[PDB]
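So this one's two forms of a single chain, laid out as structure tokens and tagged structure 1 and structure 2.
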Structure 1
């Protein structure tokens, strides 16, 4: 009953973003500004979470899964810098006002040459309505996102816009994911790795991570 669930969140100053049926009967996985909450059908009880599916080899984090669902819907708004021969794919929360994000982009060619595809999402450290947020908003709204981003990091102005992209979505998901500084790397499985890493170290890091992750 999405209805009663919302009245409850309302009577608490909590806004819902995505409500999906939870792995447990009578409960729904709710994404809110207060984190992922598990609420009963009648909206009478709220369990903090996270939720783990322990019916198996190792625990499956239901909250992580839900946040990756949101990540999936944002793929259409990510600025993708693909590697000729894609070995790894990482999602980076970046701020065009962050010196380390500058460096990262300035090395985008090396990251790609090493098989690393970088997918950007905006994350204005100074929050919404900040100069950074207002400039990225223009970048993510341009025709060619890759080109617009390149120009701004180059210093060149970009042809602004009024599109359907809302940085707040990126920002809120980043926060939800544990982001706080930039750049922040998010891995395929949802693992967050704050900080900038030079190409060689990044490649080395991702290779080792994939080995450990797959037991090799």
Structure 2
């Protein structure tokens, strides 16, 4: 029961963020300061994720699917480049100091034109004590985030700006989702697709992924 899980977590000096159900009988999904963990109902066993549902045609990352709750929770903190005819919606962990992230951003109008809406979350590859984290902190805190992001990528004046957006939250989520390098795309089902793909290749990928997921 919950008391057992809490006693086990407390023993390990872990602070439970919330106890959710798991697709496996006998255990729960637990998001903690240490991240997501699976723990048996009796609190006797812990299994580090991720957990995958492999009953279907393709493997689904259930941990990531669950984390989409935390991801969608950051929706207002995302820098969104809306496609006029939104046919696809992807969330991309980006680093303004990454050459490939610049290459992707430079073609944003093409992704948008192909019907792909891009939502950015910050991911400083160099960690929280880096120029990347400071620069993106200022971007996300700007009156106009899109303008600020476009400017910084173009190598312009990154106006000093502060707010309560914590890049550490974006970074932690990305790490938990399995983000290693940038850019990294997160799909609507939680699937992580690390890497850069030009507008055309990307569109086809998104079209095929979708076709081979719903049936």
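Residue numbers count along the first chain shown, from 1. Note that the rigid core is defined as the largest set of C-alphas that superpose within 1.5 Å between two forms.
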Residue shift check between the two structures, rigid core fit, residue 175 Cα at least 2 Å
no
After core superposition, I'd like to know whether residue 44 moves between the two structures (criterion: C-alpha shift of 2 angstroms or more).
yes
Which angle, in whole degrees, describes how far the smaller rigid part rotates between the two structures?
34
Core overlaid, residue 74 C-alpha shift between the two structures, how many Å?
0.5
Give the rigid core superposed Cα shift of residue 129 between the two structures, in Å, rounded to one decimal.
1.8
Keeping the rigid core fixed, work out how far the Cα of residue 17 travels between the two structures, to one decimal in Å.
4.8
